[PDB]
$ cat final-v1.pdb   # PDB, N, CA and C atoms and all ligand atoms
ATOM      1  N   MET A  17      14.436 -46.482  10.574
ATOM      2  CA  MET A  17      14.521 -45.144  11.156
ATOM      3  C   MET A  17      14.160 -45.207  12.635
ATOM      4  N   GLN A  18      14.626 -44.231  13.417
ATOM      5  CA  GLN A  18      14.506 -44.303  14.877
ATOM      6  C   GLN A  18      13.061 -44.302  15.368
ATOM      7  N   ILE A  19      12.254 -43.423  14.788
ATOM      8  CA  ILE A  19      10.850 -43.277  15.164
ATOM      9  C   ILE A  19      10.030 -43.682  13.952
ATOM     10  N   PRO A  20       8.941 -44.451  14.149
ATOM     11  CA  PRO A  20       8.261 -44.958  12.955
ATOM     12  C   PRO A  20       7.698 -43.826  12.122
ATOM     13  N   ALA A  21       7.675 -44.022  10.806
ATOM     14  CA  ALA A  21       7.299 -42.962   9.871
ATOM     15  C   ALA A  21       5.865 -42.465  10.083
ATOM     16  N   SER A  22       4.995 -43.354  10.558
ATOM     17  CA  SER A  22       3.599 -43.001  10.774
ATOM     18  C   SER A  22       3.476 -41.840  11.751
ATOM     19  N   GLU A  23       4.458 -41.685  12.637
ATOM     20  CA  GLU A  23       4.449 -40.574  13.586
ATOM     21  C   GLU A  23       4.547 -39.209  12.923
ATOM     22  N   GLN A  24       5.113 -39.151  11.727
ATOM     23  CA  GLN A  24       5.296 -37.862  11.089
ATOM     24  C   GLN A  24       3.994 -37.343  10.504
ATOM     25  N   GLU A  25       3.009 -38.218  10.404
ATOM     26  CA  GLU A  25       1.740 -37.842   9.808
ATOM     27  C   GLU A  25       0.774 -37.225  10.820
ATOM     28  N   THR A  26       1.109 -37.280  12.104
ATOM     29  CA  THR A  26       0.222 -36.740  13.128
ATOM     30  C   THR A  26       0.021 -35.249  12.942
ATOM     31  N   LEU A  27      -1.243 -34.842  12.938
ATOM     32  CA  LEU A  27      -1.644 -33.451  12.833
ATOM     33  C   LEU A  27      -1.509 -32.769  14.196
ATOM     34  N   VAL A  28      -0.795 -31.646  14.245
ATOM     35  CA  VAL A  28      -0.539 -30.951  15.506
ATOM     36  C   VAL A  28      -0.754 -29.435  15.430
ATOM     37  N   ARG A  29      -0.988 -28.823  16.587
ATOM     38  CA  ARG A  29      -1.225 -27.385  16.659
ATOM     39  C   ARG A  29      -0.163 -26.711  17.529
ATOM     40  N   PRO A  30       0.823 -26.039  16.901
ATOM     41  CA  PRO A  30       1.901 -25.405  17.672
ATOM     42  C   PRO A  30       1.419 -24.341  18.638
ATOM     43  N   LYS A  31       1.987 -24.337  19.838
ATOM     44  CA  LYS A  31       1.707 -23.274  20.809
ATOM     45  C   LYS A  31       2.244 -21.935  20.280
ATOM     46  N   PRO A  32       1.822 -20.813  20.882
ATOM     47  CA  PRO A  32       2.155 -19.500  20.312
ATOM     48  C   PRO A  32       3.634 -19.212  19.994
ATOM     49  N   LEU A  33       4.567 -19.522  20.886
ATOM     50  CA  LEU A  33       5.969 -19.213  20.606
ATOM     51  C   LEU A  33       6.506 -20.020  19.446
ATOM     52  N   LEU A  34       6.207 -21.317  19.428
ATOM     53  CA  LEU A  34       6.652 -22.167  18.336
ATOM     54  C   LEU A  34       6.006 -21.773  17.012
ATOM     55  N   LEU A  35       4.724 -21.435  17.053
ATOM     56  CA  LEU A  35       4.034 -20.988  15.847
ATOM     57  C   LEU A  35       4.702 -19.750  15.269
ATOM     58  N   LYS A  36       5.078 -18.813  16.145
ATOM     59  CA  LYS A  36       5.769 -17.608  15.705
ATOM     60  C   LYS A  36       7.076 -17.982  15.028
ATOM     61  N   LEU A  37       7.781 -18.940  15.612
ATOM     62  CA  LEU A  37       9.061 -19.371  15.057
ATOM     63  C   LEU A  37       8.876 -19.966  13.662
ATOM     64  N   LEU A  38       7.900 -20.859  13.524
ATOM     65  CA  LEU A  38       7.636 -21.503  12.244
ATOM     66  C   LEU A  38       7.296 -20.473  11.184
ATOM     67  N   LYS A  39       6.442 -19.522  11.539
ATOM     68  CA  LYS A  39       6.011 -18.534  10.566
ATOM     69  C   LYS A  39       7.162 -17.617  10.166
ATOM     70  N   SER A  40       8.137 -17.449  11.059
ATOM     71  CA  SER A  40       9.262 -16.554  10.785
ATOM     72  C   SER A  40      10.147 -17.111   9.676
ATOM     73  N   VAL A  41      10.045 -18.410   9.415
ATOM     74  CA  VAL A  41      10.777 -19.002   8.295
ATOM     75  C   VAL A  41       9.848 -19.379   7.130
ATOM     76  N   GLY A  42       8.635 -18.836   7.138
ATOM     77  CA  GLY A  42       7.755 -18.966   5.994
ATOM     78  C   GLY A  42       6.619 -19.975   6.078
ATOM     79  N   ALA A  43       6.396 -20.571   7.246
ATOM     80  CA  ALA A  43       5.247 -21.452   7.408
ATOM     81  C   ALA A  43       3.948 -20.633   7.334
ATOM     82  N   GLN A  44       2.883 -21.242   6.827
ATOM     83  CA  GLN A  44       1.688 -20.493   6.441
ATOM     84  C   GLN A  44       0.399 -20.860   7.178
ATOM     85  N   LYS A  45       0.440 -21.849   8.064
ATOM     86  CA  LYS A  45      -0.788 -22.415   8.634
ATOM     87  C   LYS A  45      -0.803 -22.359  10.151
ATOM     88  N   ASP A  46      -1.916 -22.788  10.735
ATOM     89  CA  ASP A  46      -2.029 -22.878  12.182
ATOM     90  C   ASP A  46      -1.825 -24.304  12.657
ATOM     91  N   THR A  47      -2.078 -25.267  11.781
ATOM     92  CA  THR A  47      -1.860 -26.664  12.133
ATOM     93  C   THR A  47      -0.985 -27.329  11.079
ATOM     94  N   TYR A  48      -0.206 -28.317  11.509
ATOM     95  CA  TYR A  48       0.814 -28.953  10.666
ATOM     96  C   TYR A  48       0.849 -30.442  10.921
ATOM     97  N   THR A  49       1.396 -31.205   9.981
ATOM     98  CA  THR A  49       1.826 -32.551  10.325
ATOM     99  C   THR A  49       3.182 -32.436  11.015
ATOM    100  N   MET A  50       3.580 -33.476  11.732
ATOM    101  CA  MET A  50       4.878 -33.441  12.396
ATOM    102  C   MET A  50       5.995 -33.332  11.349
ATOM    103  N   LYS A  51       5.776 -33.920  10.174
ATOM    104  CA  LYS A  51       6.763 -33.827   9.089
ATOM    105  C   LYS A  51       6.996 -32.366   8.679
ATOM    106  N   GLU A  52       5.914 -31.598   8.575
ATOM    107  CA  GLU A  52       5.999 -30.172   8.260
ATOM    108  C   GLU A  52       6.698 -29.381   9.366
ATOM    109  N   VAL A  53       6.361 -29.663  10.614
ATOM    110  CA  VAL A  53       7.028 -28.966  11.708
ATOM    111  C   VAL A  53       8.537 -29.230  11.640
ATOM    112  N   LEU A  54       8.931 -30.485  11.404
ATOM    113  CA  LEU A  54      10.354 -30.823  11.309
ATOM    114  C   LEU A  54      11.025 -30.072  10.165
ATOM    115  N   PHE A  55      10.333 -29.978   9.035
ATOM    116  CA  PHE A  55      10.911 -29.294   7.890
ATOM    117  C   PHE A  55      11.225 -27.845   8.224
ATOM    118  N   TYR A  56      10.265 -27.174   8.841
ATOM    119  CA  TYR A  56      10.432 -25.749   9.119
ATOM    120  C   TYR A  56      11.466 -25.523  10.213
ATOM    121  N   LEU A  57      11.501 -26.394  11.220
ATOM    122  CA  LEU A  57      12.568 -26.294  12.227
ATOM    123  C   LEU A  57      13.933 -26.438  11.573
ATOM    124  N   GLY A  58      14.024 -27.315  10.585
ATOM    125  CA  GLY A  58      15.264 -27.460   9.837
ATOM    126  C   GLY A  58      15.642 -26.162   9.141
ATOM    127  N   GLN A  59      14.660 -25.482   8.546
ATOM    128  CA  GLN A  59      14.944 -24.224   7.858
ATOM    129  C   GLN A  59      15.400 -23.160   8.856
ATOM    130  N   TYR A  60      14.796 -23.154  10.042
ATOM    131  CA  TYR A  60      15.187 -22.206  11.085
ATOM    132  C   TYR A  60      16.645 -22.406  11.481
ATOM    133  N   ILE A  61      17.004 -23.654  11.741
ATOM    134  CA  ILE A  61      18.354 -23.964  12.218
ATOM    135  C   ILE A  61      19.368 -23.613  11.134
ATOM    136  N   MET A  62      19.021 -23.886   9.878
ATOM    137  CA  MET A  62      19.892 -23.519   8.755
ATOM    138  C   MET A  62      20.085 -22.018   8.659
ATOM    139  N   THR A  63      18.965 -21.310   8.636
ATOM    140  CA  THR A  63      18.956 -19.868   8.433
ATOM    141  C   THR A  63      19.753 -19.117   9.497
ATOM    142  N   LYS A  64      19.635 -19.556  10.736
ATOM    143  CA  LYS A  64      20.344 -18.915  11.828
ATOM    144  C   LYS A  64      21.702 -19.556  12.081
ATOM    145  N   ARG A  65      22.027 -20.546  11.256
ATOM    146  CA  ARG A  65      23.324 -21.211  11.299
ATOM    147  C   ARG A  65      23.679 -21.713  12.687
ATOM    148  N   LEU A  66      22.763 -22.437  13.312
ATOM    149  CA  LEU A  66      22.957 -22.833  14.697
ATOM    150  C   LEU A  66      23.709 -24.135  14.823
ATOM    151  N   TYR A  67      23.903 -24.827  13.710
ATOM    152  CA  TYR A  67      24.615 -26.103  13.740
ATOM    153  C   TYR A  67      26.121 -25.911  13.682
ATOM    154  N   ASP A  68      26.858 -26.841  14.278
ATOM    155  CA  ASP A  68      28.306 -26.747  14.249
ATOM    156  C   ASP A  68      28.789 -26.973  12.819
ATOM    157  N   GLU A  69      29.613 -26.062  12.307
ATOM    158  CA  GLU A  69      30.041 -26.120  10.912
ATOM    159  C   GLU A  69      30.780 -27.410  10.582
ATOM    160  N   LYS A  70      31.627 -27.856  11.505
ATOM    161  CA  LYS A  70      32.448 -29.037  11.279
ATOM    162  C   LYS A  70      31.836 -30.320  11.843
ATOM    163  N   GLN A  71      30.967 -30.187  12.841
ATOM    164  CA  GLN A  71      30.308 -31.337  13.444
ATOM    165  C   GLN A  71      28.820 -31.104  13.318
ATOM    166  N   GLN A  72      28.306 -31.258  12.098
ATOM    167  CA  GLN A  72      26.984 -30.721  11.759
ATOM    168  C   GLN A  72      25.794 -31.408  12.412
ATOM    169  N   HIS A  73      26.045 -32.471  13.167
ATOM    170  CA  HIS A  73      24.965 -33.069  13.961
ATOM    171  C   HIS A  73      24.687 -32.327  15.279
ATOM    172  N   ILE A  74      25.558 -31.395  15.659
ATOM    173  CA  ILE A  74      25.321 -30.627  16.882
ATOM    174  C   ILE A  74      24.614 -29.309  16.587
ATOM    175  N   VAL A  75      23.513 -29.044  17.282
ATOM    176  CA  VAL A  75      22.850 -27.757  17.143
ATOM    177  C   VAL A  75      23.023 -27.001  18.451
ATOM    178  N   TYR A  76      23.433 -25.737  18.373
ATOM    179  CA  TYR A  76      23.642 -24.922  19.560
ATOM    180  C   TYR A  76      22.456 -23.986  19.702
ATOM    181  N   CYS A  77      21.981 -23.783  20.928
ATOM    182  CA  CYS A  77      20.833 -22.903  21.131
ATOM    183  C   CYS A  77      20.722 -22.370  22.546
ATOM    184  N   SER A  78      21.853 -22.147  23.208
ATOM    185  CA  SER A  78      21.798 -21.733  24.611
ATOM    186  C   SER A  78      21.354 -20.280  24.753
ATOM    187  N   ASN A  79      21.444 -19.556  23.642
ATOM    188  CA  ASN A  79      21.112 -18.146  23.599
ATOM    189  C   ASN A  79      20.263 -17.882  22.362
ATOM    190  N   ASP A  80      19.206 -18.677  22.187
ATOM    191  CA  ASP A  80      18.339 -18.534  21.032
ATOM    192  C   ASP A  80      16.929 -18.944  21.442
ATOM    193  N   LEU A  81      15.928 -18.405  20.759
ATOM    194  CA  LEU A  81      14.545 -18.757  21.043
ATOM    195  C   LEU A  81      14.352 -20.266  20.998
ATOM    196  N   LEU A  82      15.037 -20.919  20.066
ATOM    197  CA  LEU A  82      14.917 -22.361  19.945
ATOM    198  C   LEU A  82      15.267 -23.069  21.259
ATOM    199  N   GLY A  83      16.273 -22.551  21.958
ATOM    200  CA  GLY A  83      16.698 -23.135  23.221
ATOM    201  C   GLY A  83      15.667 -22.939  24.311
ATOM    202  N   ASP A  84      15.004 -21.788  24.291
ATOM    203  CA  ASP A  84      13.889 -21.509  25.198
ATOM    204  C   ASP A  84      12.767 -22.527  25.012
ATOM    205  N   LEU A  85      12.387 -22.752  23.760
ATOM    206  CA  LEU A  85      11.321 -23.691  23.439
ATOM    207  C   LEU A  85      11.698 -25.136  23.754
ATOM    208  N   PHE A  86      12.902 -25.535  23.362
ATOM    209  CA  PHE A  86      13.341 -26.914  23.543
ATOM    210  C   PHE A  86      13.789 -27.239  24.984
ATOM    211  N   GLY A  87      14.224 -26.218  25.718
ATOM    212  CA  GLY A  87      14.619 -26.376  27.113
ATOM    213  C   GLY A  87      15.992 -26.999  27.292
ATOM    214  N   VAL A  88      16.877 -26.751  26.329
ATOM    215  CA  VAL A  88      18.232 -27.303  26.345
ATOM    216  C   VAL A  88      19.176 -26.256  25.768
ATOM    217  N   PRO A  89      20.474 -26.335  26.111
ATOM    218  CA  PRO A  89      21.472 -25.410  25.570
ATOM    219  C   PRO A  89      22.032 -25.885  24.222
ATOM    220  N   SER A  90      21.870 -27.171  23.914
ATOM    221  CA  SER A  90      22.364 -27.739  22.664
ATOM    222  C   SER A  90      21.835 -29.155  22.549
ATOM    223  N   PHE A  91      21.799 -29.694  21.339
ATOM    224  CA  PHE A  91      21.356 -31.073  21.167
ATOM    225  C   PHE A  91      21.969 -31.708  19.935
ATOM    226  N   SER A  92      21.925 -33.033  19.882
ATOM    227  CA  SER A  92      22.402 -33.755  18.715
ATOM    228  C   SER A  92      21.218 -34.153  17.835
ATOM    229  N   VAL A  93      21.307 -33.900  16.530
ATOM    230  CA  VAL A  93      20.207 -34.254  15.644
ATOM    231  C   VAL A  93      20.122 -35.765  15.450
ATOM    232  N   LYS A  94      21.106 -36.493  15.968
ATOM    233  CA  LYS A  94      21.108 -37.947  15.849
ATOM    234  C   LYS A  94      20.240 -38.646  16.902
ATOM    235  N   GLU A  95      19.807 -37.905  17.921
ATOM    236  CA  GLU A  95      19.039 -38.482  19.025
ATOM    237  C   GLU A  95      17.581 -38.055  18.901
ATOM    238  N   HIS A  96      16.832 -38.816  18.115
ATOM    239  CA  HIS A  96      15.495 -38.402  17.716
ATOM    240  C   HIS A  96      14.439 -38.384  18.836
ATOM    241  N   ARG A  97      14.558 -39.300  19.799
ATOM    242  CA  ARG A  97      13.601 -39.353  20.920
ATOM    243  C   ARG A  97      13.522 -37.995  21.606
ATOM    244  N   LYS A  98      14.686 -37.408  21.842
ATOM    245  CA  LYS A  98      14.779 -36.131  22.530
ATOM    246  C   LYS A  98      14.174 -35.039  21.646
ATOM    247  N   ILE A  99      14.381 -35.122  20.336
ATOM    248  CA  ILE A  99      13.810 -34.123  19.431
ATOM    249  C   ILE A  99      12.275 -34.196  19.465
ATOM    250  N   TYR A 100      11.761 -35.415  19.406
ATOM    251  CA  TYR A 100      10.334 -35.662  19.580
ATOM    252  C   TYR A 100       9.775 -35.025  20.854
ATOM    253  N   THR A 101      10.398 -35.288  21.997
ATOM    254  CA  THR A 101       9.856 -34.755  23.236
ATOM    255  C   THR A 101      10.006 -33.239  23.315
ATOM    256  N   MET A 102      11.115 -32.711  22.806
ATOM    257  CA  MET A 102      11.361 -31.265  22.842
ATOM    258  C   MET A 102      10.340 -30.524  21.996
ATOM    259  N   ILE A 103      10.061 -31.052  20.812
ATOM    260  CA  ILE A 103       9.001 -30.491  19.977
ATOM    261  C   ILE A 103       7.623 -30.595  20.636
ATOM    262  N   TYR A 104       7.276 -31.774  21.137
ATOM    263  CA  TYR A 104       5.944 -31.959  21.689
ATOM    264  C   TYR A 104       5.654 -31.077  22.912
ATOM    265  N   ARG A 105       6.698 -30.576  23.570
ATOM    266  CA  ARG A 105       6.533 -29.632  24.681
ATOM    267  C   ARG A 105       5.766 -28.407  24.207
ATOM    268  N   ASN A 106       5.933 -28.100  22.924
ATOM    269  CA  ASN A 106       5.383 -26.902  22.305
ATOM    270  C   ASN A 106       4.184 -27.139  21.385
ATOM    271  N   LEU A 107       3.485 -28.257  21.562
ATOM    272  CA  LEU A 107       2.394 -28.628  20.660
ATOM    273  C   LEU A 107       1.190 -29.079  21.443
ATOM    274  N   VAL A 108       0.027 -29.035  20.793
ATOM    275  CA  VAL A 108      -1.137 -29.826  21.206
ATOM    276  C   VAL A 108      -1.664 -30.591  19.983
ATOM    277  N   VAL A 109      -2.128 -31.816  20.196
ATOM    278  CA  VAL A 109      -2.623 -32.634  19.090
ATOM    279  C   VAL A 109      -4.034 -32.186  18.707
ATOM    280  N   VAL A 110      -4.316 -32.146  17.403
ATOM    281  CA  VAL A 110      -5.626 -31.727  16.917
ATOM    282  C   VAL A 110      -6.710 -32.782  17.166
TER
HETATM  283  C1  LIG A 201      21.050 -29.320  11.228
HETATM  284  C2  LIG A 201      20.583 -29.275   9.779
HETATM  285  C3  LIG A 201      21.759 -29.636   8.875
HETATM  286  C4  LIG A 201      20.190 -27.828   9.539
HETATM  287  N1  LIG A 201      19.401 -30.119   9.576
HETATM  288  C5  LIG A 201      19.342 -31.433   9.845
HETATM  289  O1  LIG A 201      20.268 -32.068  10.297
HETATM  290  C6  LIG A 201      18.032 -32.173   9.641
HETATM  291  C7  LIG A 201      16.728 -31.542  10.002
HETATM  292  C8  LIG A 201      15.504 -31.306   9.364
HETATM  293  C9  LIG A 201      15.145 -31.488   7.934
HETATM  294  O2  LIG A 201      13.960 -31.219   7.621
HETATM  295  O3  LIG A 201      15.976 -31.910   7.110
HETATM  296  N2  LIG A 201      14.655 -30.821  10.278
HETATM  297  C10 LIG A 201      15.270 -30.777  11.474
HETATM  298  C11 LIG A 201      14.811 -30.365  12.698
HETATM  299  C12 LIG A 201      15.648 -30.429  13.783
HETATM  300 CL1  LIG A 201      14.967 -29.906  15.329
HETATM  301  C13 LIG A 201      16.958 -30.885  13.670
HETATM  302  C14 LIG A 201      17.429 -31.294  12.429
HETATM  303  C15 LIG A 201      16.571 -31.239  11.341
HETATM  304  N3  LIG A 201      17.805 -33.246   8.650
HETATM  305  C16 LIG A 201      18.322 -34.510   8.886
HETATM  306  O4  LIG A 201      18.417 -35.609   8.414
HETATM  307  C17 LIG A 201      18.106 -33.684  10.088
HETATM  308  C18 LIG A 201      16.927 -34.327  10.880
HETATM  309  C19 LIG A 201      17.092 -34.942  12.135
HETATM  310  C20 LIG A 201      16.022 -35.523  12.865
HETATM  311  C21 LIG A 201      14.715 -35.533  12.355
HETATM  312  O5  LIG A 201      13.575 -36.099  12.947
HETATM  313  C22 LIG A 201      13.413 -36.651  14.281
HETATM  314  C23 LIG A 201      11.926 -36.909  14.471
HETATM  315  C24 LIG A 201      11.296 -37.921  13.744
HETATM  316  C25 LIG A 201       9.929 -38.151  13.876
HETATM  317  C26 LIG A 201       9.201 -37.358  14.756
HETATM  318 CL2  LIG A 201       7.444 -37.622  14.943
HETATM  319  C27 LIG A 201       9.816 -36.350  15.501
HETATM  320  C28 LIG A 201      11.181 -36.132  15.351
HETATM  321  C29 LIG A 201      14.557 -34.961  11.095
HETATM  322  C30 LIG A 201      15.624 -34.385  10.387
END
$ encode --input "final-v1.pdb" --output "structure tokens" --more "lines below"
Ligand SMILES: CC(C)(C)NC(=O)[C@@H](c1c(C(=O)O)[nH]c2cc(Cl)ccc12)N(C=O)Cc1ccc(OCc2ccc(Cl)cc2)cc1
Amino acid sequence: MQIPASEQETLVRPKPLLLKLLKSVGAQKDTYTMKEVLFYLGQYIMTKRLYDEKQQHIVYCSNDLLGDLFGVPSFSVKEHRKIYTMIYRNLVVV
């Protein structure tokens, strides 16, 4: 896998906007493992149908809160380094 699995176990504290986003799809806590944050971001992208229907590795967010948080108009789910950095922009480590 692109990023070692041990990275998903890191305990993190989402900043206010990201925390609001996570809770809007049913997250229940103030702190998460990175694996949990990824899961809930996945539910958000699904629920708002932001992925390209035919090219499902592309997520569009130029006009969505997700784009505000990530700082991009769209991204590929295949490029994990960028996902890591985009998420960490919105976190502090516990
Ligand atoms: C677009 C769709 C169909 C709604 N979901 C997925 O594609 C996807 C997924 C999930 C998921 O929990 O399945 N969560 C995602 C979050 C983002 Cl930001 C983008 C994709 C996912 N699940 C993929 O296999 C895709 C995925 C892609 C990258 C990924 O992790 C990168 C990463 C690894 C480790 C760290 Cl520490 C940080 C980031 C996790 C899941």
$ resolve_selection --input "final-v1.pdb" --expression "the PyMOL selection byres (((not hetatm)) within 5 of (chain A and resi 201))" --output "list in words"
residues 23, 24, 54, 55, 57, 58, 61, 62, 93, 96, 99 and 100 of chain A
$ resolve_selection --input "final-v1.pdb" --expression "the PyMOL selection byres (((chain A and resi 52 and name CA) around 12) and not hetatm and name CA)" --output "ChimeraX atom specification"
/A:23-30,38-39,42-51,53-59
$ select_by_dssp --input "final-v1.pdb" --residues "chain A" --states "alpha helix (DSSP H)" --output "short mmCIF file (atom, residue, chain, number, x, y, z; two decimals) with N, CA and C atoms, in the frame of the given file"
data_model
loop_
_atom_site.label_atom_id
_atom_site.label_comp_id
_atom_site.auth_asym_id
_atom_site.auth_seq_id
_atom_site.Cartn_x
_atom_site.Cartn_y
_atom_site.Cartn_z
N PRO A 32 1.82 -20.81 20.88
CA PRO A 32 2.15 -19.50 20.31
C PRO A 32 3.63 -19.21 19.99
N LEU A 33 4.57 -19.52 20.89
CA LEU A 33 5.97 -19.21 20.61
C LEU A 33 6.51 -20.02 19.45
N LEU A 34 6.21 -21.32 19.43
CA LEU A 34 6.65 -22.17 18.34
C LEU A 34 6.01 -21.77 17.01
N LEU A 35 4.72 -21.44 17.05
CA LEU A 35 4.03 -20.99 15.85
C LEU A 35 4.70 -19.75 15.27
N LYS A 36 5.08 -18.81 16.14
CA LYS A 36 5.77 -17.61 15.70
C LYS A 36 7.08 -17.98 15.03
N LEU A 37 7.78 -18.94 15.61
CA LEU A 37 9.06 -19.37 15.06
C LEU A 37 8.88 -19.97 13.66
N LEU A 38 7.90 -20.86 13.52
CA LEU A 38 7.64 -21.50 12.24
C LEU A 38 7.30 -20.47 11.18
N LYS A 39 6.44 -19.52 11.54
CA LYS A 39 6.01 -18.53 10.57
C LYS A 39 7.16 -17.62 10.17
N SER A 40 8.14 -17.45 11.06
CA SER A 40 9.26 -16.55 10.78
C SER A 40 10.15 -17.11 9.68
N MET A 50 3.58 -33.48 11.73
CA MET A 50 4.88 -33.44 12.40
C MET A 50 6.00 -33.33 11.35
N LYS A 51 5.78 -33.92 10.17
CA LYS A 51 6.76 -33.83 9.09
C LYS A 51 7.00 -32.37 8.68
N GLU A 52 5.91 -31.60 8.57
CA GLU A 52 6.00 -30.17 8.26
C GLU A 52 6.70 -29.38 9.37
N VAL A 53 6.36 -29.66 10.61
CA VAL A 53 7.03 -28.97 11.71
C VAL A 53 8.54 -29.23 11.64
N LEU A 54 8.93 -30.48 11.40
CA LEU A 54 10.35 -30.82 11.31
C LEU A 54 11.02 -30.07 10.16
N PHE A 55 10.33 -29.98 9.04
CA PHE A 55 10.91 -29.29 7.89
C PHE A 55 11.22 -27.84 8.22
N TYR A 56 10.26 -27.17 8.84
CA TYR A 56 10.43 -25.75 9.12
C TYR A 56 11.47 -25.52 10.21
N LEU A 57 11.50 -26.39 11.22
CA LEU A 57 12.57 -26.29 12.23
C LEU A 57 13.93 -26.44 11.57
N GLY A 58 14.02 -27.32 10.58
CA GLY A 58 15.26 -27.46 9.84
C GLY A 58 15.64 -26.16 9.14
N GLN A 59 14.66 -25.48 8.55
CA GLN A 59 14.94 -24.22 7.86
C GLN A 59 15.40 -23.16 8.86
N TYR A 60 14.80 -23.15 10.04
CA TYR A 60 15.19 -22.21 11.08
C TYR A 60 16.64 -22.41 11.48
N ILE A 61 17.00 -23.65 11.74
CA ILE A 61 18.35 -23.96 12.22
C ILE A 61 19.37 -23.61 11.13
N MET A 62 19.02 -23.89 9.88
CA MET A 62 19.89 -23.52 8.76
C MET A 62 20.08 -22.02 8.66
N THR A 63 18.96 -21.31 8.64
CA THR A 63 18.96 -19.87 8.43
C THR A 63 19.75 -19.12 9.50
N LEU A 81 15.93 -18.40 20.76
CA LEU A 81 14.54 -18.76 21.04
C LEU A 81 14.35 -20.27 21.00
N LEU A 82 15.04 -20.92 20.07
CA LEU A 82 14.92 -22.36 19.94
C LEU A 82 15.27 -23.07 21.26
N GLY A 83 16.27 -22.55 21.96
CA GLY A 83 16.70 -23.14 23.22
C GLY A 83 15.67 -22.94 24.31
N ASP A 84 15.00 -21.79 24.29
CA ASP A 84 13.89 -21.51 25.20
C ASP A 84 12.77 -22.53 25.01
N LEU A 85 12.39 -22.75 23.76
CA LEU A 85 11.32 -23.69 23.44
C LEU A 85 11.70 -25.14 23.75
N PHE A 86 12.90 -25.54 23.36
CA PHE A 86 13.34 -26.91 23.54
C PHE A 86 13.79 -27.24 24.98
N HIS A 96 16.83 -38.82 18.11
CA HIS A 96 15.50 -38.40 17.72
C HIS A 96 14.44 -38.38 18.84
N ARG A 97 14.56 -39.30 19.80
CA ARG A 97 13.60 -39.35 20.92
C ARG A 97 13.52 -37.99 21.61
N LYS A 98 14.69 -37.41 21.84
CA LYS A 98 14.78 -36.13 22.53
C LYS A 98 14.17 -35.04 21.65
N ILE A 99 14.38 -35.12 20.34
CA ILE A 99 13.81 -34.12 19.43
C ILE A 99 12.28 -34.20 19.46
N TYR A 100 11.76 -35.42 19.41
CA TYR A 100 10.33 -35.66 19.58
C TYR A 100 9.78 -35.02 20.85
N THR A 101 10.40 -35.29 22.00
CA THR A 101 9.86 -34.76 23.24
C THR A 101 10.01 -33.24 23.32
N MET A 102 11.12 -32.71 22.81
CA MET A 102 11.36 -31.26 22.84
C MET A 102 10.34 -30.52 22.00
N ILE A 103 10.06 -31.05 20.81
CA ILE A 103 9.00 -30.49 19.98
C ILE A 103 7.62 -30.60 20.64
N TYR A 104 7.28 -31.77 21.14
CA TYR A 104 5.94 -31.96 21.69
C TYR A 104 5.65 -31.08 22.91
#
$ select_by_dssp --input "final-v1.pdb" --residues "chain A" --states "strand (DSSP E)" --output "list in words"
residues 27, 28, 29, 30, 48, 49, 74, 75, 76, 90, 91, 92, 107, 108 and 109 of chain A
$ closest_residue --input "final-v1.pdb" --among "A:35, A:21, A:83, A:73" --to "residue 95 in chain A" --atoms "all atoms listed in the file"
A:73
$ atom_distance --input "final-v1.pdb" --atom1 "CA of residue 89 in chain A" --atom2 "atom C of residue 104 in chain A"
17.0 Å
$ atom_distance --input "final-v1.pdb" --atom1 "CA of residue 79 in chain A" --atom2 "CA of residue 64 in chain A"
11.8 Å
